[PDB]
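Two forms, one protein chain; C-alpha cells for each follow separately as structure 1 and structure 2.
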Structure 1
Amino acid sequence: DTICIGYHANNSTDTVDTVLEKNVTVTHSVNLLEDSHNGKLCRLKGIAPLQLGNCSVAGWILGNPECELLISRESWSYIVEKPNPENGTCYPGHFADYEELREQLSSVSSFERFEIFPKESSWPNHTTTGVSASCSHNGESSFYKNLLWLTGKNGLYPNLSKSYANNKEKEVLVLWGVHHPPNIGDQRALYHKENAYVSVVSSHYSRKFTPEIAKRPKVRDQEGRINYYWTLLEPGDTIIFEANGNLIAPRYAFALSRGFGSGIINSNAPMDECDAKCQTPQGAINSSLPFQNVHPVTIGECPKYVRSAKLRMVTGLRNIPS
C-alpha cells in the first residue's frame, strides 16, 4: 500500500518566457495579445462612419461637385479619409489653418447644414453664377456648392455689407474665399475695380484681405488662386462681411454638435455591415484582451497598443510528461 503526491501533465505545446529560462513548455496558458482584426470598417456601437471616398476633408467641407454624395450625411461615429484623396480644392489656392480645421472636425458628432446666404435673395446687385472649368462636373464648368462666386452684374460691383447672427444655440462653422486673379485685365474684367478689399469681422475674429495680382504657375489650368478661410462663430455672436470685389461669398454653413470618441483616420479597408466597439485603420477589433499589436490608431473602446509579437501568461505548470 502506497500513496504519492504529484502534479499534472499533458500534451500541451504552449510555451512562455520566464526570467530564468526562455521557451518553457507549460500545461496551461492564456494569451494576452490580440493580433486579429476583420480588415473592414465597421459601425461603432451601431453608428456608421463617414466615408469620404475620393474626397478630402477640404473637398467635403467646401462642397466639391464630385462629393455631392456626402451632403446627406450629418451624423457619424468617425471619419474615414483615403490616404491621399483626389478631389480637394479644385480651384487652386491656400487653405488657411487646414490642419486646425481637421482637428476641430475630429471632435464633431453631427452638424446641421443650412444656406446662411441663400443664392437667390442676398445679392440682388451682384452675379451669383460664376463657374470654372477647373471645378468641372459632368464635363461642364461648375463651382463649389457651399460657396458663391460673386461676379459682375450689369457692369457694376456695388459695396456689399452683410452680416449674420447666431440663431442656432451651437457653434457655427463659416467658410469663405478670397480670389487672386493672375493679371490686371481679368481683375478689372471680373470685379470692375482696381483696388478691392474683403473684410470679415466678428466679436473676437477680425481680418482684412487684399488681392495680390501676380503671374503664378498653372494648377488645373488656372493661373489665379483662391485663398480659403474659415472661422467658428460662438452662439450669439454676429459675423460681418464687407466687400467690394474678390469675395467668394459663403453659401452654406454648419451648426456643430461636439462629441468625444470620433476622429479622422486614413484607411483603404472597405465598409461592411459589421458592428464593433473598437475600430483601427487596419480593421475592427473584437476582443476583451488588454493588449493588441494591430495598430496604434484606435477609435472606441480598444486594447492598449504594444509592439510585442507574443504576450502569453502561464496559468498551469511546467509541462514535464513521460
Structure 2
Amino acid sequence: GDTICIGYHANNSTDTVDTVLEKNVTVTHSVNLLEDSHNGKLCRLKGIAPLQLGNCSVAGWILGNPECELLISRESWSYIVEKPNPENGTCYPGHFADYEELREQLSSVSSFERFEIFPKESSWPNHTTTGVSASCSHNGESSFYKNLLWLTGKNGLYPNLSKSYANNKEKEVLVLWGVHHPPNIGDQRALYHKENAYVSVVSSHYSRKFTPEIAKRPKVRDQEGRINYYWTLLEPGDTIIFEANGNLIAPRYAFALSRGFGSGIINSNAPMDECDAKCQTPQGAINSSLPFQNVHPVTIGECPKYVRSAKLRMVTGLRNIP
C-alpha cells in the first residue's frame, strides 16, 4: 500500500536545556541567554579611554604625589582604574576629609583642566614656598605634592596672608588645600613664628576655621606631624577666600571640571587595550546582546544583569529523538 507519515526533525545536536518537569533535555536548537566570557582587558567606554592611576590612589593623583608625575597629562576619561591596594597616596600622613565623597565626584569628568590657581612665584612675596619633606621623596630627593605649597616664614616672620580666587571659568573648580599640625610647640614656633595660629577658608556656601592641634603621635611614614587635607567645589561666579597666619598648606594648582554622572572606579589588574564596549568589568570587557552575565557583579555602564546562574539556555527546537 501507499503511505504518508507525519513526523518531526532530528539532528546531531548535543545541546541540553532544563525544563520544569525534566532536567538535561537534549534539543535540536537552542539559544544562550548568559554571557560567561570576557576578553581580559580594559576598553574604552562611551567611546573614550579610562584613567589608569597605576601605582597611585585617587588621593595621590589629585593632590599631586611626586611619584605620580606621569598621570597629570590626561584630561578625559569615562571610568577610573585603581590598583586594589594603592602604594602611593598621601605621602605625608594625615586625614583626607570626605575622601569617599570626592572619589564619587571624580568618578567621571567629561572635561577636566588643571590650572595654577595661585602661581608659586607671584602669589607669596612674604612667605617661603620651598618646603619639602623626606616622606614625599622623588628620585631620592625630598619633595612635596605638585598641587600644594608648604608655606613657611621668611625673614623671621610669617605675616598675615589673605588670598582670594574668583571662579570665572564657567565650570566647577575643585580646590584642594591642607593644614599642618606639628608634633611639638618648638616646631610650631620654628615654622610659623607663632604658638596660636588659624586657617580660614570661606566661600559663599563654605565656611570653616582650622586650628592646629599640637600633640605627640605615632610615627606614620617617619613623621609625627600631620597634614589634614580638605577640598571644596567652587561654583562659577563664586569666590573662595584663604586667610591664615600659619600652618596653611596653600593651593598651587586647581581643577576646572565638567561632570559625567553615573560612572565609577574599578579595582583591576587587567591590562589596557584599544577595544570598545558598552560594558567593562574588572576581569575584562563584555559585548553581545545577551541579557544576562555571570562574569562579575561590579559592572560599569549598561550591562547585562548579573546573575549567579551557571547556565541560562532556552530551547527553540524540539526534543531531539534521532
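C-alpha atoms forming the largest set that superposes within 1.5 Å between two forms make up the rigid core. Numbers given to residues start at 1 and step along the sequence of structure 1.
Once you line up the core between structures 1 and 2, the CA of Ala276 is the only one from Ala255, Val57, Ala276, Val294 that shifts by 2 Å or more. Superposed on the core, the two forms differ at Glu68, whose C-alpha moves 0.5 Å between structures 1 and 2. For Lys45, the displacement of the CA atom between structures 1 and 2, after superposition on the rigid core, amounts to 4.7 Å.
Relative to the superposed core, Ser107 has its Cα moved 3.3 Å between structures 1 and 2.
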